[PDB]
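Engineer: Chains as they are written, first to last, in my numbering: chain D, 5 to 225; chain H, 5 to 225; chain F, 5 to 225; chain L, 5 to 225. Can you keep this structure in mind? I'll have questions shortly.
4 protein chains.
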Amino acid sequence: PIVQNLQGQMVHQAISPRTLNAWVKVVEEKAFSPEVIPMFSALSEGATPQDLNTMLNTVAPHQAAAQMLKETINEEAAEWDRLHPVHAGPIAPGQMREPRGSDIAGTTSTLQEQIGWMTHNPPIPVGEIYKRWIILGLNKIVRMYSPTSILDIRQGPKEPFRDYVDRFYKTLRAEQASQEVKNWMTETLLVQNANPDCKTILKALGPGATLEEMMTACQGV
Amino acid sequence: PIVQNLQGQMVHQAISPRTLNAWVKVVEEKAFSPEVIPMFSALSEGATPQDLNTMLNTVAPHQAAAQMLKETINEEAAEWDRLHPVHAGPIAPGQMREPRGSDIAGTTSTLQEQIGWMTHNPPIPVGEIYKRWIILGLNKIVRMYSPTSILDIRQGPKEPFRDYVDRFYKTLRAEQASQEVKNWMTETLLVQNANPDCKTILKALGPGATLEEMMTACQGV
Amino acid sequence: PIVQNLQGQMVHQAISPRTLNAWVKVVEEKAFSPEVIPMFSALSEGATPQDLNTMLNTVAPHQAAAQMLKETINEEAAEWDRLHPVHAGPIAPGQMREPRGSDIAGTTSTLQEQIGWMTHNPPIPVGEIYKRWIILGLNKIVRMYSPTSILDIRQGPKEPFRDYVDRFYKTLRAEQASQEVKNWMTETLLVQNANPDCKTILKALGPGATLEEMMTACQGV
Amino acid sequence: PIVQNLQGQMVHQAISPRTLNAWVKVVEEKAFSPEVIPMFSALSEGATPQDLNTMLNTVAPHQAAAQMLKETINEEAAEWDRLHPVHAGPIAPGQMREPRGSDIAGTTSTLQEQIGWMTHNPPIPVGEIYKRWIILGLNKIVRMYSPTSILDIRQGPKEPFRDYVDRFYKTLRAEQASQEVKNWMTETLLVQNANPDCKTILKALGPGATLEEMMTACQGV
């Protein structure tokens, strides 16, 4: 992250060891479940690209996930270079150069370059964009490691309706289908895969019932 | 939150990553049980409206809960605008403008505006009011996700009386009935739904016994 | 339909009784299955709006279907009037007036008006548009009478793969989901609901296999 | 088709609605069995390319079959263009232009163009060639939908020999192997897959027996 020194100048502060250890616990203990992404986003809050690569070292022992992340990051860097062609010409002395795809990812840049790029009015946030690339890679990894299809999430004969709903929506978060397909899933498949008593009540409830009304009508069933 | 710099001026400090990760763990692991509210209140202690929106991003993947929160917040902002009509007229240069409903929630304001509004003598606490709106939304969410009715909390044949009492009062906290209805519940339904031996003792104890006396008379039963 | 007399002038010829009887057999014997629509389109080939109302009388004894058709036709006529506002002003003597929604459906027009409107260079086809409105109504009717969800079409343990595919695609034709949802259905649900041996082969076949390759690999399984 | 008016001039007559309905019944009821091809050839007798596209609309709801037909037709149109290069140069006023692949299929042409092309001495039959392309596509479709291999057609213990022969030759018609392979099949596989009593008689009958002699010697067996 970025901190101000006693003289009012922006200084890079490394991630503290217990934050890094929290991220290591997330990576090594949670099997890339969907909650790895909110936790990563919280733990890399306000980070520089050099900090993000420190957090990416924890993924390297997981070769398939690390390779998927590398492919996503290379694709994003190439796309960034294509959409930001390197202008050839003079530059104002008070203006800094334009980082490349290998620079936003911190492969060839240095710490002061990233601090200066991020600390500006108006800012060009290099940490947030690299973070979004990482999150796309992690979404792909969560999709790859998902153990069940949404078609296989079915309410047990004695399972409470809220628990089935939580499992259903967690798998839906993992699968990341298209928006229209997701709407069809939540409207139709949730009712279709409920157990007989809840299914009877939900069918009687009619189409277009909100999830809150469905939870109300199935509370003790 | 708000901190003082070396020059004695109020400065906004972001929520630390492990605090945000604690909130993420609460959201993703506790299924919106009633204790989510004390934990949220502790974790957002002394926060600005911009910090509260960072904590609200964690809820967004939970669509029903996020929508219920959005509806509660929109209702509260509209009510605030109605009860605080925008006065048209001159304002003192030493006095700041009046934030709107979309400003207390931090949708259109900026960080310095919120810092200045909160840091004043006397203060107009924008963090506390937005926090109370969030807590109303969360109370509704806890009500929606509650798995059992208070009518279905019944002491097991071998369950200790203190454990049944704890389950009963936790469900009562979740359900949030009216105050008179809650008093009727704790006075009548708790005794009605106890197991036969404890029920015999409590009936012999008479009406208007305090909960402490009931716990005393049922300790090993 | 429209025929030329011996003098070269366009003349309306009524639908022959055995064509009408074929349509009656379709309506009264097929329970509004999806093939009612291709058959109706073939049997009303080149018809005038007055002929289409003769074919619509056969549906009138089926009150729910007839009412759904009437609602669809009224909606389409209102939309046509809205998108074709009645211009107030002079009209060329060699140009005919503009039919209204109640005129394209033949409620207030006469036979010669429809013949003249359809027989023109360039033509304004009143039969085709009314026919498309009828087809929208019939699609809704086929959806209403569909006995099974697409989620309930599952290959039998000894059912040949081609027969399961035919049932699946016929139900898909009946249900008329969105295009993206239909693509998801044919790509995912067809494989998910196959029987174990065909499912093993199709999973080994990999994603993005064409339906022809799936039929080839499952022929005798 | 093409008809002569009262003045002796060739006029296009549309396909009658009950002919189109017969074709619709063939498409929607017979599951693309091998007899769909003789029926299609009979029902499109003397048709123009514009009529053939009307009959092709009935196949469009069957997406796999429709796509296979479209691929076959595109391939044939490209081959026709390659073998009939568009000559650049003057043309006789009494001679019509040369239709392209998109014109014989009626995508860009008009009705009078096709009537003039077909009605000529000597004729250039555009209906017959497009019909042969359609028939190639339909042969591929019949192959795709075939439920059984020729290797799986085996005489039942009590099945009459003529019925087994009919099933065998119908599957052989569906499969459309090479001519030499088909000759090997009818000479060897038919005898190999017969039931024991008929097999004994056919082996005693010797190689090179005609099918009539085999039917004679197995009549009541």
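Each residue gets a CB set at the ideal place from its N, CA and C atoms; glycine is no exception.
1) Going straight from the alpha carbon of H/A96 to that of H/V90, what length do you get?
2) Can you tell me which residues form a DSSP beta bridge with F/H16?
3) Classify F/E80: buried if its beta carbon has 16 or more other beta carbons within 10 angstroms, exposed otherwise.
4) Given a cut-off of 8 Å on the beta-carbon distance, is the pair L/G105 and L/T52 in contact?
5) For the alpha helix (DSSP H) that H/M59 lies in, which residues bound it at each end?
6) When you compare only the Cα positions, how much space is there between D/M72 and F/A208?
7) State the DSSP-derived secondary structure class of F/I154, mapped to helix, strand or coil.
8) Along the chain, where does the alpha helix (DSSP H) that runs through L/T214 open and close?
9) Within 8 Å (strictly less), CB to CB, does H/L10 reach chain D?
10) If you run the structure through DSSP and keep just helix, strand and coil, what is L/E102?
11) Among L/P21, L/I133, L/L155 and L/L194, which residue has its Cα nearest to the Cα of L/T58?
12) For the region 163-187 of chain F, list the alpha helix (DSSP H) runs that are entirely contained and at least 4 residues long, ordered along the chain.
13) Give the range of the alpha helix (DSSP H) segment to which F/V225 is assigned.
14) Under 8 Å by Cβ, that's how I've got H/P151 and D/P164 pegged, so tell me the actual separation to the nearest angstrom.
15) Helix, strand or coil for L/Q67 per DSSP?
16) Would you say F/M122 lies against chain L (beta-carbon separation less than 8 Å)?
17) Contact defined as beta carbons within less than 8 Å: I believe F/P5 pairs with F/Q17. What is the distance between those atoms, to the nearest angstrom?
18) Does the Cβ of L/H124 have 16 or more other Cβ atoms within 10 Å, making it buried, or fewer, making it exposed?
19) Hey, out of F/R166, F/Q180, F/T204 and F/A178, whose CA is closest to F/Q223's CA?
20) Anything in chain L within Cβ reach of F/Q223, meaning under 8 Å, just list it in chain order.
21) I want to see whether chain L comes within less than 8 Å of F/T62, judged by CB atoms only; does it?
22) Cβ of H/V28 less than 8 Å from any chain D Cβ?
23) Using 8 Å as the limit for Cβ to Cβ distance, is F/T23 near chain L?
24) Quick check on H/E39: does DSSP put it in helix, strand or coil?
25) Out of curiosity, what's the CA-to-CA distance linking L/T204 and L/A181?
26) Where D/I157 and H/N25 are concerned, what is the direct C-alpha to C-alpha distance, given to the nearest angstrom?
27) Do L/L140 and L/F44 have their CB atoms nearer than 8 Å?
28) I need the straight-line Cα distance from D/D85 to D/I108, nearest angstrom please.
29) For D/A46, return the contacting residues in chain H, with the cut-off set at a CB-CB distance below 7 Å.
30) Roughly how many whole angstroms lie between the Cα atoms of L/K74 and L/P65?
31) Would you say L/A82 reaches chain F, if we count a Cβ-Cβ gap shorter than 8 Å as a contact?
32) Thinking C-alpha only, which one of L/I119, L/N197, L/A82 and L/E32 is nearest L/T62?
33) Give the secondary structure of L/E33 by DSSP, where H, G and I count as helix, E and B as strand, and everything else as coil.
34) Using three-state DSSP, classify F/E75 as helix, strand or coil.
35) Any residues in the region 186-206 of chain D with a beta carbon nearer than 8 Å to a beta carbon of chain F? Which ones, in chain order?
36) Could you check whether L/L47 and L/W27 sit closer than 8 Å to each other, using their CB atoms as the reference points?
Structural biologist: Reading off the structure:
1) Cα-Cα distance, rounded: 15 Å.
2) F/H16 is bridged to F/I6.
3) Classification for F/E80: buried.
4) Cβ atoms of L/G105 and L/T52: not closer than 8 Å.
5) Taken as a continuous stretch (DSSP letters only), the alpha helix (DSSP H) holding H/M59 covers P53 to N61.
6) The alpha-carbon atoms of D/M72 and F/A208 are separated by roughly 22 Å.
7) If DSSP states are grouped into helix, strand and coil, F/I154 belongs with the helices.
8) Run containing L/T214: none; DSSP gives neither H nor E here.
9) Interface residue, yes.
10) Judged by DSSP in its simplified three-state form, L/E102 adopts coil rather than helix or strand.
11) Closest option to L/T58, Cα to Cα, is L/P21.
12) Runs of the alpha helix (DSSP H) inside the region 163-187 of chain F: 165-179.
13) From DSSP, F/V225 is part of no alpha helix (DSSP H); its letter is neither H nor E.
14) Between H/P151 and D/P164 a beta carbon distance of about 5 Å is seen, short of the 8 Å cut, so the two are scored as contacting.
15) Here L/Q67 sits in helix by DSSP.
16) The C-beta of F/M122 comes no closer than 8 Å to any C-beta of chain L.
17) With a Cβ gap of about 5 Å, F/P5 and F/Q17 count as contacting.
18) By the beta-carbon neighbour count (other beta carbons within 10 angstroms, threshold 16), L/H124 is exposed.
19) If we check each option's Cα against that of F/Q223, F/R166 comes out closest.
20) For F/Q223, the residues of chain L that pass the 8 Å Cβ criterion are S150, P151, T152 and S153, in the order they occur in the chain.
21) Closer than 8 Å: no.
22) Chain D places a beta carbon closer than 8 Å to that of H/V28, counting this residue as a contact.
23) In terms of beta-carbon proximity, F/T23 lines the interface with chain L, with at least one pair separated by less than 8 Å.
24) The answer is coil: DSSP assigns H/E39 none of H, G, I, E or B.
25) Approximately 28 Å between the Cα atoms of the pair.
26) Here the alpha carbons of H/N25 and D/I157 stand approximately 28 Å from one another.
27) With contacts defined as CB atoms closer than 8 Å, L/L140 and L/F44 fail to qualify as a contacting pair.
28) Roughly 11 Å separates the two Cα atoms.
29) Those within 7 Å of D/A46 in chain H are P21, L24, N25 and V28.
30) Between the alpha carbons of L/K74 and L/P65 lies a gap of roughly 13 Å.
31) Answer no: the Cβ-Cβ gap between L/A82 and chain F never drops below 8 Å.
32) Minimum Cα distance to L/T62 is reached at L/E32.
33) Under the three-state reduction of DSSP, L/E33 is assigned to helix.
34) Three-state DSSP puts F/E75 in a helix.
35) Sequence-ordered contacts of the region 186-206 of chain D with chain F read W188, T192, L193 and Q196 [C-beta pairs closer than 8 Å].
36) Remark: C-beta atoms of L/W27 and L/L47 approach each other more closely than 8 Å.
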